Amino acid sequence: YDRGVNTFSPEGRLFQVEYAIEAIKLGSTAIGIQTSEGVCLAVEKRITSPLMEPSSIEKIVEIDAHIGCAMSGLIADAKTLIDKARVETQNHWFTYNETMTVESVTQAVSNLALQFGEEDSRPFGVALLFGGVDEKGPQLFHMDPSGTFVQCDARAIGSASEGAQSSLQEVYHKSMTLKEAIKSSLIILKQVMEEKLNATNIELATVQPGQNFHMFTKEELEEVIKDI
Amino acid sequence: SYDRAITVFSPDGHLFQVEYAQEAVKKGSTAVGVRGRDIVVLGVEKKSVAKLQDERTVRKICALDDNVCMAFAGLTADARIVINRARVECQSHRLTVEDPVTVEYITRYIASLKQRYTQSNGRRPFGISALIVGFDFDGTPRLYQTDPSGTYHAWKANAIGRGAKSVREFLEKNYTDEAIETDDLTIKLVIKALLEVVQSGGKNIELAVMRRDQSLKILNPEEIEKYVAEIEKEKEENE
Amino acid sequence: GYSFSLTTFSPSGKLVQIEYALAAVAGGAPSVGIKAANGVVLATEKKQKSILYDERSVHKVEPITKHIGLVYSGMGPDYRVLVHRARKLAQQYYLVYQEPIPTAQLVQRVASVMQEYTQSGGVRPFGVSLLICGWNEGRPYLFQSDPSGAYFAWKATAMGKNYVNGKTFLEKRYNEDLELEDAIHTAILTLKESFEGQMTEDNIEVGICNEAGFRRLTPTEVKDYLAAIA
Amino acid sequence: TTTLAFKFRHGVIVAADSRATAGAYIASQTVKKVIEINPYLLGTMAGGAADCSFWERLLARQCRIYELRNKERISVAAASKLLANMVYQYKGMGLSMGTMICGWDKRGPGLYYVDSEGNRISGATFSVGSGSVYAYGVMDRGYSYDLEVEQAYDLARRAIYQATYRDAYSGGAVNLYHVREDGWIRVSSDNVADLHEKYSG
Amino acid sequence: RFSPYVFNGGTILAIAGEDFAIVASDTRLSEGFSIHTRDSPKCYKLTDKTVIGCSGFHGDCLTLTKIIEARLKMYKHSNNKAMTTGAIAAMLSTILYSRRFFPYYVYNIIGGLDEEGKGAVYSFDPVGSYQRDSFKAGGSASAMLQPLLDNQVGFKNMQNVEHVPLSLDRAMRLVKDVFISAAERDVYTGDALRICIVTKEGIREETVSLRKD
Amino acid sequence: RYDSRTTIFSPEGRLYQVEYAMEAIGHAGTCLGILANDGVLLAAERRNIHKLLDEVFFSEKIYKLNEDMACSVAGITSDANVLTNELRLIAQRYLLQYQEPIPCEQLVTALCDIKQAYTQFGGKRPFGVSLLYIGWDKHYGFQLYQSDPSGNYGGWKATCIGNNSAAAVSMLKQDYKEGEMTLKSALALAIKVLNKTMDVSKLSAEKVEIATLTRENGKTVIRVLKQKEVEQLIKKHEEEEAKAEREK
Amino acid sequence: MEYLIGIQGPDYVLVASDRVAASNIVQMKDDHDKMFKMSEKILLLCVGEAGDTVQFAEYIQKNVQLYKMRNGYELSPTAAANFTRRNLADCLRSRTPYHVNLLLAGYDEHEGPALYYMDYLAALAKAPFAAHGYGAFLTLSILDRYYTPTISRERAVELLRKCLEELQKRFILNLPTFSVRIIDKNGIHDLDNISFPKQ
Amino acid sequence: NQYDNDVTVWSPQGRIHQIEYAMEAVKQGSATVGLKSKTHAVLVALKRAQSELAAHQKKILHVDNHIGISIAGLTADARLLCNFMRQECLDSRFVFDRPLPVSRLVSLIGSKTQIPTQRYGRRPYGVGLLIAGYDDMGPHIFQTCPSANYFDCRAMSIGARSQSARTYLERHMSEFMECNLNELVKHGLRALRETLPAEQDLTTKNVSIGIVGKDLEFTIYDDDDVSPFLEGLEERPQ
Amino acid sequence: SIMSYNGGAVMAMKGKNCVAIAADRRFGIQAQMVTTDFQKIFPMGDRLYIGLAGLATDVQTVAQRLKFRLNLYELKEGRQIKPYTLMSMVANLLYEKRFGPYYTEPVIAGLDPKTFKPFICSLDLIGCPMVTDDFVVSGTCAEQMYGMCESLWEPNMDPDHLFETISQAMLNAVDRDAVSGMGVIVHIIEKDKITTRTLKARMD
């Protein structure tokens with residue numbers, strides 16, 4: 001039937017948004033873990049050429065000085081959602097003198113994740129992970145092209161999604177620490193990627209309560225690899 | 001096999017009409033470009049003149065601002081609009097903000113213009129792919145490229161056009177970890193790379209350089225003939 | 001598969017729907033225009049179905065300005081649209097330039113109106129071709145438009161049913177100069193060429209352009225010409 | 001109201017008073033007339049209270065988005081230009097705004113002056129306010145480009161004191177900021193009645 | 001011809017305590033040389049930790065109060081929490097500036113507790129500039145109240161007087177005495193005195209009569 | 001198939017509606033222009049010269065457009081009159097703005113941007129019109145240009161477009177002159193080329209048209225020369241043909 | 001109020017302005033520049049209101065540069081002058097009129113040098129010399145006295161010095177320094193700054 | 001099947017199939033149960049987990065101080081009707097300075113969802129609203145449907161396998177008007193446990209309870225205050 | 001007034017088979033002159049000119065808008081424009097700015113394009129046309145120009161005495177005006193040729 005978003009199935013359903021979830025599946029993998037000491041985050045780069053400059057490939061962007069991000073799926077759809085999410089926290093600070101909470105960021109983002117045929121275009125092709133430290137401690141969230149917003153404790157999306165999530169439920173518990181969960185993460189990464197893991201295949205991002213700066217690791221990452 | 005609309009996802013999640021535009025790039029002329037120590041350079045593969053026309057109207061390399069360059073592929077109808085549009089934006093930026101325009105700002109504009117142009121039906125996407133070169137952002141040489149999907153992206157060396165795959169594999173075995181200084185050496189790299197042309201006539205090359213402080217310098221077919229002579233001369237000594 | 005829309009081409013040739021609209025012109029009533037040395041004669045064919053129809057209700061020869069007349073062959077209800085368009089467009093010249101619009105100038109503009117209905121994509125073109133006459137600056141004029149938007153200048157022509165007989169007739173039947181009266185005698189003779197019945201003062205309808213202006217004939221005037229018409 | 005700003009070898013000095021009146025009635029004595037835009041930009045409040053407060057906050061909303069997109073701080077000449085274009089659209093509608101833009105840049109120190117009329121100019125020394133002309137005399141007599149750091153602190157603190165003495169619409173405390181290459185730093189904030197005993201001896 | 005403004009009188013007082021805040025106003029509503037009513041308090045309980053006062057043109061005071069209470073609910077269903085005292089003061093400045101070229105003729109003072117449990121007072125102007133103070137007096141009798149509170153609370157122009165912080169019980173009799181002296185010399189003041197006290201246990205109200213002339 | 005609107009792309013991948021438009025130019029008339037020092041010319045073919053017509057305009061293919069430029073035309077007449085009314089209105093808009101004539105290239109790019117824009121926005125028919133350009137300016141003198149239904153153009157020294165204009169280019173390269181480019185050498189070349197394309201014997205002067213553009217004392221006159229002086233140009237070519245076979 | 005001057009030569013154009021940016025009593029800036037390089041052979045001088053000078057003249061500044069990048073060659077000084085007049089006259093009958101006074105200095109390869117005059121009501125004029133401001137009254141009769149159409153560039157700087165010293169004598173405003181350009185077949189050359197030891 | 005493409009096209013039997021398909025989208029969501037006494041209207045919903053460690057997606061959501069709604073169906077049309085719902089409530093507070101009557105709020109929803117069921121270019125809203133409220137005449141339980149037929153009811157259960165909850169409510173609807181706040185709640189969550197497969201139990205982490213009362217503002221409980229409600233239950237009769 | 005902001009004077013006069021038109025040369029703001037070569041007479045085709053006077057902004061603006069509409073007219077029609085047709089064209093252009101009017105008052109002079117027949121007319125600032133048989137004038141110094149032309153005009157005049165009449169009319173009337181002068185240019189056109197002369201006037 002499908003061929004268009006203005007159409008139902010006899011059973012449910014779409015059949016158009018279902019195909020949008022399929023477009024995530026050929027993206028790169030990405031893992032974020034929520035822990036009481038702070039939210040760590042990891043991703044795989046998949047660099048093609050050595051002539052290809054590596055830092056032009058973004059997977060972690062900085063939404064605000066206490067909220068990180070991680071994406072998969074279509075880059076062309078992603079750059080629009082990153083652009084608004086920076087503005088929405090910025091307007092909220094302009095009219096309230098405060099920082100927008102991590103949950104209410106994604107509410108503003110999901111409000112045009114679902115506008116695709118709801119005017120008076122296609123749905124987007126990108127899934128997102130949002131980590132941040134607001135007044136309720138550290139938070140980690142996840143959305144989809146269907147706008148279904150949810151909270152996750154440790155999520156992994158992109159390709160190797162099911163292969164990560166099965167292994168990731170084995171090691172997670174409530175009383176983790178931040179330095180434990182970083183090396184707990186990239187053990188899963190080298191199991192699910194195809195290349196030998198080095199300092200050029202992956203990158204990290206951690207946010208802490210007292211360390212609103214530096215959602216990043218810059219060649220201290222080389223030290224974490226030999227601590228495997 | 002529905003390939004007849006741009007707002008439809010495949011059941012394995014594709015946009016084939018975006019994918020079909022990039023096939024139209026591969027019927028375009030090749031163009032390469034590297035960045036150097038101080039002097040950037042790019043070269044094109046110019047097709048044969050048909051003996052009865054003027055050749056100052058077949059312009060394939062243009063400048064947007066006084067310090068940023070441009071090389072494209074695809075089809076010249078869609079290329080002329082994007083050039084004419086981006087000349088306005090790099091000029092209007094200077095009015096609203098008194099700086100010169102960085103090379104990174106103008107590629108985000110071209111990509112975002114090609115971005116929003118993809119999404120609506122009845123707007124056939126731009127089947128071109130651009131190379132943007134400029135040592136403009138405070139003495140720092142950069143080169144980027146675009147894509148008909150609308151994804152700007154940074155390389156250190158590049159090739160487009162018909163059979164760019166041969167050239168890109170050629171550069172990885174040729175672009176040394178030695179950063180090629182002595183900028184005629186860097187020009188000798190590109191002229192040797194374009195000497196592995198689809199035809200390599202020798203008299204069909206137009207190279208354009210920029211020494212990061214001057215304006216654009218189109219080379220002349222006597223100086224470019226000198227560099228082709230020393231490439232064959234130095235290659236004969238290797239035996 | 002190309003014969004259902006208008007905004008696309010055929011792989012070899014031209015637009016299909018405009019060619020089908022020209023087939024509607026061929027299935028219309030016959031009409032003759034002859035440019036004489038001093039005037040232009042228009043003539044058409046007006047047969048009603050029954051005896052019941054009044055002949056003095058709807059007219060064919062129709063004035064646009066005091067020196068510009070106009071006939072057709074096609075579909076009558078589409079004709080009334082672009083007549084009323086050509087009326088209002090002729091005044092807009094006169095409001096600007098304070099001068100009666102020359103006959104070359106309307107046909108620039110009326111064809112640009114018939115142009116616009118050949119656009120995309122939910123409108124149909126006209127099914128009417130026209131014959132436009134007028135005596136501007138001494139020399140007369142006789143033009144012909146079409147639903148495509150082209151426009152020409154005939155010495156003499158014919159459109160409607162059985163026009164190819166009337167083309168071959170007037171090809172043999174034209175010279176460079178006759179008077180306005182002898183043009184009328186040969187314009188009724190070519191309408192009689194393809195006719196079914198007794199041609200009376202009500203079966204035909206004739207209008208002329210003198211240099212003294214445009215006028216259409218009364219039935220008494222059209223009787224006396226058809227009386228002793230060869 | 002009296003503000004002043006000057007740049008020298010070691011950065012930019014910003015100083016202002018703290019009295020806000022309403023006709024002949026003093027509203028407050030503790031008005032912060034130097035608006036802290038960023039950790040690297042400072043703006044003043046001279047002519048109109050809510051007008052200078054709103055549009056500079058809207059400028060601080062704008063420069064943060066520029067930093068997130070381009071991964072680089074905005075230049076001082078750029079932030080002065082963006083404020084000039086926003087105000088010019090409301091020209092003649094009755095805005096009062098006479099602020100100054102201060103900050104370190106890749107070109108070095110930066111000092112621009114912005115009116116509600118559209119007078120975007122650069123310069124070395126400026127003084128804006130009702131008691132501004134009382135400050136141009138005492139500052140220009142003591143100004144040098146090669147002043148010391150502690151000497152320049154005593155110059156600007158003296159110049160506000162002489163302005164609040166003659167003018168009636170200037171008083172309160174004397175704030176003092178110092179723009180360094182890394183960022184601005186608050187120096188001190190002294191009451192005039194304490195400076196009166198120091199300067200008289 | 002038609003003029004869109006009129007003056008209604010009123011006097012608003014706020015004092016930021018160490019762990020409290022006191023907002024007081026009279027209840028007289030007047031116009032010209034007439035008394036509309038003797039029962040019209042200017043206090044408004046926004047949240048359990050924030051009370052606002054509104055003076056000036058009364059038709060704008062009714063409008064502006066209803067705009068704020070709508071946007072409190074719009075914050076809460078969008079953010080799952082109530083606004084702070086400082087967030088309301090930041091929001092109100094945008095609302096007042098939004099009609100810059102047809103202004104509200106309203107003087108505003110917001111008193112309430114911060115996130116640390118201390119007093120906070122934000123004064124305003126009709127166009128929307130604000131600052132945090134320790135005490136402000138707004139309205140018609142504002143010039144009769146600021147010089148006295150500088151003496152008692154701020155201890156200005158006093159020699160060899162120690163600075164004990166204002167207790168709650170001492171602050172009550174200061175508020176009750178300044179309005180008695182204000183009702184003698186101002187004509188737009190009298191008939192009652194509504195006092196609101198914001199603590200960490202809720203909001204208490206108290207009414208003290210004044211002279212009725 | 002891929003028979004829909006101009007959007008979309010084919011796979012492999014190209015644009016069929018543009019190809020159907022550009023190929024359909026071969027069913028049109030015939031127009032050409034030649035190299036010249038101190039001049040430029042155009043030549044064209046009268047089609048459908050049936051004897052019941054008037055030629056009240058005496059200028060059908062050629063449209064003097066600005067003051068020092070004209071153009072030929074080939075394709076659908078319905079789209080032809082739209083562009084010529086547009087293109088004259090472009091040049092006067094430039095002249096209103098600068099008080100200087102339009103310099104003969106950015107006129108062409110202005111039209112080709114319009115002719116392009118119907119290929120991207122749906123759903124419009126692309127213009128099925130190709131046409132030439134002749135003109136003089138301050139910067140390059142005499143020029144030639146070649147419009148396409150795609151919106152692409154090119155500057156030529158001698159070209160031709162129309163009905164049988166695939167073999168006429170071969171005679172132009174066989175009779176390429178350079179340096180020597182006088183008008184009488186150029187007019188004599190043009191009547192020989194139309195003699196190859198048109199299969200009508202003896203080449204009646206009522207079947208052709210020749211328009212020239214020279215430069216005289218700062219005026220840039222434009223000559224659409226009448227049928228009396230075509231006769232001395234035809235019989236000169238008839239004379240040169242009979243003399244050329246005397247060597248056999 | 002402030003001052004401009006426009007001496008035209010046989011193959012050069014001599015222009016000069018002042019460097020003052022005063023605010024109602026005080027003189028905030030004494031090295032202000034009023035000279036706008038539109039192109040490599042065209043200058044622009046702008047005198048008017050507080051905001052309309054920078055907003056309008058930069059709109060013309062960036063718009064002529066667009067013509068250069070897009071066509072590949074440069075505007076003539078005649079067409080560049082006559083484009084500016086079109087922009088005031090269109091924006092005159094509106095809620096936002098611009099109140100500036102201009103004069104244009106250009107050199108052509110085909111027409112030689114050129115000087116144009118512009119009012120705030122957008123009237124063009126082709127003049128052999130021009131001036132603006134209140135100092136235009138005292139000085140242009142001196143320049144009318146000693147002008148020769150066949151004058152050398154050394155006499156023109158000397159005639160400029162005569163033209164400025166009487167403005168130092170009988171004009172109430174201060175005006176100490178005066179920046180000077182010159183335009184010839186090569187391009188815009190900057191001459192030395194003109195200042196005044198008064199007493 | 002050729003009539004089964006648009007909302008505009010009638011069938012040759014008179015049944016528009018696109019409205020019939022949006023009814024099936026309501027059965028994709030979980031079950032939820034609403035009921036009322038003379039004084040208290042209680043709606044109880046069932047959460048569903050996405051993964052083992054993700055949070056459970058919420059169902060009951062606050063609208064006004066006297067109205068709260070439940071949800072079933074697409075989350076796109078959930079927040080889309082919610083933002084229309086909250087806007088109309090504060091307008092009556094702003095204009096009339098009274099709370100809305102609950103009955104005439106729902107008539108605005110039926111006028112809202114009617115237009116995308118007739119004009120072309122917009123799908124119907126696949127959604128399953130259950131509404132509890134207090135006007136001046138006591139509690140109310142309303143349900144809607146994507147066919148815009150809103151029903152007044154005294155007990156209702158919609159969602160996946162929600163028929164087994166309805167059969168429980170029919171043989172206990174006489175008991176509902178008289179009981180207090182306490183067992184009225186656990187009359188209601190005895191109905192949800194028949195919409196469960198018999199191997200798992202109604203725990204704390206998967207259920208929400210919202211109560212609006214005659215003197216009680218609409219309050220949502222979750223995961224900690226459910227334990228005073230889950231006490232005093234029997235096991236499943238297996 | 002706004003008409004008295006820059007001054008100006010335009011005069012046309014009909015002869016036997018010829019027609020003459022004249023104007024001043026001074027450009028200046030209210031009391032200060034600027035230049036003495038300001039064009040106020042513009043050619044519109046052959047043997048047909050136009051003169052403009054009033055606000056110097058609208059003099060240059062209307063002359064460019066009218067040239068815009070003329071060249072589009074002479075390309076849709078192969079013929080040139082008739083003098084009556086131009087008068088109807090100008091009056092349309094002025095009346096469109098009915099409430100925002102251009103501050104100018106045109107004067108049209110020319111011959112017939114086919115015959116030899118002269119034509120003169122003038123318009124108001126909102127477009128009321130007015131054809132005469134002897135002379136039309138416009139500008140600030142209107143009343144001085146009426147006093148000279150009522151006495152010096154003769155019905156049938158050769159191009160010699162037509163030149164001397166309009167010369168003596170313009171020299172004596174403008175010297176009585178304050179804001180007009182600094183030279184007078186005269187166009188005298190006829191069927192065979194066009195003569196342009198400039199007169200020796202007072203430069204004070």
# chains A, B, ... in the order shown; residues from 1 in each chain; ligands from 1
call {"tool": "interface_residues", "arguments": {"of": "chain D", "to": "chain A", "cutoff": "9 Å", "atoms": "only C-alpha atoms", "output": "ChimeraX atom specification"}}
result
/D:57-58,60-62,64-65,68-69
call {"tool": "residues_around", "arguments": {"residues": "residue 7 in chain E", "least_positions_apart": "6", "cutoff": "8 Å", "atoms": "only C-alpha atoms", "output": "PDB file with N, CA, C and O atoms, in the first residue's frame"}}
result
ATOM      1  N   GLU E  31      -9.470  57.303  41.885  1.00  0.00           N
ATOM      2  CA  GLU E  31      -9.321  57.887  40.555  1.00  0.00           C
ATOM      3  C   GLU E  31      -9.685  59.360  40.646  1.00  0.00           C
ATOM      4  O   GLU E  31     -10.820  59.693  41.001  1.00  0.00           O
ATOM      5  N   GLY E  32      -8.735  60.232  40.318  1.00  0.00           N
ATOM      6  CA  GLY E  32      -8.989  61.656  40.331  1.00  0.00           C
ATOM      7  C   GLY E  32      -9.188  62.190  41.731  1.00  0.00           C
ATOM      8  O   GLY E  32      -8.237  62.317  42.505  1.00  0.00           O
ATOM      9  N   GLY E  56      -0.054  51.460  39.575  1.00  0.00           N
ATOM     10  CA  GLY E  56      -0.211  52.267  38.382  1.00  0.00           C
ATOM     11  C   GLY E  56      -1.599  52.202  37.786  1.00  0.00           C
ATOM     12  O   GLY E  56      -2.595  52.236  38.513  1.00  0.00           O
ATOM     13  N   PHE E  57      -1.675  52.121  36.461  1.00  0.00           N
ATOM     14  CA  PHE E  57      -2.959  51.994  35.789  1.00  0.00           C
ATOM     15  C   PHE E  57      -3.553  50.619  36.045  1.00  0.00           C
ATOM     16  O   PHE E  57      -2.941  49.596  35.727  1.00  0.00           O
ATOM     17  N   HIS E  58      -4.755  50.601  36.614  1.00  0.00           N
ATOM     18  CA  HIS E  58      -5.333  49.372  37.135  1.00  0.00           C
ATOM     19  C   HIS E  58      -5.784  48.414  36.048  1.00  0.00           C
ATOM     20  O   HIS E  58      -5.764  47.199  36.269  1.00  0.00           O
TER      21      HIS E  58
END
call {"tool": "residues_around", "arguments": {"residues": "range 97-114 of chain F", "least_positions_apart": "4", "cutoff": "6 Å", "atoms": "only C-alpha atoms", "output": "VMD selection string"}}
result
(chain F and resid 137 151) or (chain G and resid 79 82 to 83)
call {"tool": "write_last_selection", "arguments": {"atoms": "N, CA and C atoms", "output": "short mmCIF file (atom, residue, chain, number, x, y, z; two decimals), in the first residue's frame"}}
result
data_model
loop_
_atom_site.label_atom_id
_atom_site.label_comp_id
_atom_site.auth_asym_id
_atom_site.auth_seq_id
_atom_site.Cartn_x
_atom_site.Cartn_y
_atom_site.Cartn_z
N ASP F 137 30.00 45.43 -28.71
CA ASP F 137 30.08 46.04 -27.39
C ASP F 137 31.33 46.91 -27.30
N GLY F 151 19.61 25.61 -21.30
CA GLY F 151 20.15 26.75 -20.61
C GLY F 151 21.65 26.90 -20.75
N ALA G 79 29.03 54.76 -15.28
CA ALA G 79 27.94 53.86 -14.93
C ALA G 79 27.89 53.59 -13.43
N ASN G 82 26.11 56.47 -11.90
CA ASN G 82 24.72 56.61 -12.30
C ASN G 82 23.87 55.47 -11.76
N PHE G 83 24.51 54.47 -11.16
CA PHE G 83 23.84 53.43 -10.40
C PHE G 83 23.51 53.90 -8.99
#
call {"tool": "residues_around", "arguments": {"residues": "range 6-8 of chain A", "least_positions_apart": "6", "cutoff": "9 Å", "atoms": "only C-alpha atoms", "output": "list in words"}}
result
residues 14, 15 and 117 of chain A; 5, 6, 7, 18, 21, 22, 25, 121, 122, 123 and 124 of chain H
call {"tool": "residues_around", "arguments": {"residues": "residue 182 in chain A", "least_positions_apart": "5", "cutoff": "12 Å", "atoms": "only C-alpha atoms", "output": "JSON, numbers by chain"}}
result
{"A": [31, 32, 33, 34, 35, 37, 38, 39, 40, 41, 42, 43, 154, 172, 176, 177, 187, 188, 189, 203, 204, 205, 206, 207, 217, 221, 224, 225, 227, 228]}
call {"tool": "atom_distance", "arguments": {"atom1": "CA of residue 34 in chain F", "atom2": "CA of residue 205 in chain F"}}
result
19.4 Å
call {"tool": "closest_atom_pairs", "arguments": {"of": "chain H", "to": "chain E", "cutoff": "9 Å", "atoms": "only C-alpha atoms", "output": "JSON lines"}}
result
{"residue": "H:62", "atom": "CA", "partner": "E:77", "partner_atom": "CA", "distance": 7.7}
{"residue": "H:63", "atom": "CA", "partner": "E:77", "partner_atom": "CA", "distance": 8.0}
{"residue": "H:64", "atom": "CA", "partner": "E:73", "partner_atom": "CA", "distance": 8.9}
{"residue": "H:86", "atom": "CA", "partner": "E:74", "partner_atom": "CA", "distance": 8.8}
{"residue": "H:90", "atom": "CA", "partner": "E:70", "partner_atom": "CA", "distance": 6.7}
{"residue": "H:91", "atom": "CA", "partner": "E:70", "partner_atom": "CA", "distance": 8.9}
{"residue": "H:93", "atom": "CA", "partner": "E:70", "partner_atom": "CA", "distance": 8.4}
{"residue": "H:94", "atom": "CA", "partner": "E:66", "partner_atom": "CA", "distance": 6.6}
call {"tool": "select_by_dssp", "arguments": {"residues": "range 138-199 of chain D", "states": "strand (DSSP E)", "output": "compact mmCIF listing (two decimals) with N, CA and C atoms, in the first residue's frame"}}
result
# COMPACT_ATOMS: atom_id res chain seq x y z
N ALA D 173 28.74 54.27 43.68
CA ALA D 173 30.05 53.65 43.72
C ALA D 173 30.76 53.83 42.38
N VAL D 174 32.01 53.40 42.34
CA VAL D 174 32.84 53.49 41.14
C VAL D 174 33.32 52.08 40.82
N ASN D 175 32.76 51.49 39.78
CA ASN D 175 33.17 50.16 39.36
C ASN D 175 34.36 50.25 38.41
N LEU D 176 35.10 49.15 38.30
CA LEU D 176 36.35 49.17 37.55
C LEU D 176 36.65 47.78 37.04
N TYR D 177 36.66 47.61 35.72
CA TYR D 177 36.99 46.33 35.10
C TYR D 177 38.25 46.46 34.27
N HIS D 178 38.94 45.33 34.11
CA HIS D 178 40.18 45.26 33.36
C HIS D 178 40.09 44.13 32.35
N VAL D 179 40.26 44.46 31.08
CA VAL D 179 40.19 43.47 30.01
C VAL D 179 41.61 43.01 29.71
N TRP D 184 38.21 39.20 30.80
CA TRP D 184 38.10 40.35 31.68
C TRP D 184 38.22 39.93 33.14
N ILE D 185 38.57 40.90 33.98
CA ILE D 185 38.70 40.68 35.42
C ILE D 185 38.17 41.90 36.14
N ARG D 186 37.36 41.68 37.16
CA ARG D 186 36.89 42.76 38.01
C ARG D 186 38.02 43.25 38.91
N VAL D 187 38.22 44.56 38.95
CA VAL D 187 39.31 45.10 39.76
C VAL D 187 38.80 45.43 41.15
N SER D 188 37.88 46.39 41.24
CA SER D 188 37.44 46.90 42.53
C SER D 188 36.14 47.67 42.35
N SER D 189 35.58 48.09 43.47
CA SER D 189 34.36 48.90 43.48
C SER D 189 34.38 49.74 44.75
N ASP D 190 34.58 51.05 44.59
CA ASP D 190 34.79 51.94 45.72
C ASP D 190 33.69 52.99 45.78
N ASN D 191 33.29 53.33 47.00
CA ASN D 191 32.32 54.39 47.21
C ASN D 191 33.01 55.74 47.07
call {"tool": "closest_residue", "arguments": {"among": "A:133, A:113, A:74, A:152", "to": "chain B", "atoms": "only C-alpha atoms"}}
result
A:74
call {"tool": "residues_around", "arguments": {"residues": "range 108-124 of chain D", "least_positions_apart": "2", "cutoff": "9 Å", "atoms": "only C-alpha atoms", "output": "ChimeraX atom specification"}}
result
/D:5-12,75-77,80-81,83-85,87-88,90-92,94-106,126,179-181 /G:21,28-29,31-32,49-52,54-55
call {"tool": "interface_residues", "arguments": {"of": "chain F", "to": "chain I", "cutoff": "12 Å", "atoms": "only C-alpha atoms", "output": "list in words"}}
result
residues 56, 57, 58, 59, 63, 64, 65, 66, 67, 70, 81, 84, 85, 86, 87, 88, 89, 90, 91, 92, 93, 94, 95, 96, 97, 98, 99 and 100 of chain F
call {"tool": "closest_residue", "arguments": {"among": "I:51, I:8, I:100, I:15", "to": "chain G", "atoms": "only C-alpha atoms"}}
result
I:100
call {"tool": "residues_around", "arguments": {"residues": "residue 120 in chain C", "least_positions_apart": "5", "cutoff": "8 Å", "atoms": "only C-alpha atoms", "output": "JSON, numbers by chain"}}
result
{"C": [6, 7], "F": [123, 124, 125]}
call {"tool": "interface_residues", "arguments": {"of": "chain B", "to": "chain D", "cutoff": "12 Å", "atoms": "only C-alpha atoms", "output": "list in words"}}
result
residues 93, 94, 95, 96, 97, 98, 99, 100, 102, 103, 104, 105, 106, 108, 137 and 138 of chain B
call {"tool": "interface_residues", "arguments": {"of": "chain H", "to": "chain A", "cutoff": "10 Å", "atoms": "only C-alpha atoms", "output": "ChimeraX atom specification"}}
result
/H:1,4-7,17-28,50-58,73-77,79-80,120-124,126
call {"tool": "closest_atom_pairs", "arguments": {"of": "chain G", "to": "chain I", "cutoff": "7 Å", "atoms": "only C-alpha atoms", "output": "CSV"}}
result
residue,atom,partner,partner_atom,distance
G:121,CA,I:57,CA,6.4
G:122,CA,I:57,CA,6.0
G:123,CA,I:57,CA,5.3
G:127,CA,I:35,CA,6.5
call {"tool": "interface_residues", "arguments": {"of": "chain E", "to": "chain A", "cutoff": "7 Å", "atoms": "only C-alpha atoms", "output": "PDB file with C-alpha atoms, in the first residue's frame"}}
result
ATOM      1  CA  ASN E  79       9.271  21.499  32.051  1.00  0.00           C
ATOM      2  CA  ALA E  87      13.208  32.906  36.389  1.00  0.00           C
ATOM      3  CA  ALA E  90      13.798  37.210  33.728  1.00  0.00           C
ATOM      4  CA  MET E  91      10.530  36.321  32.000  1.00  0.00           C
ATOM      5  CA  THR E  94      10.740  40.232  28.111  1.00  0.00           C
TER       6      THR E  94
END
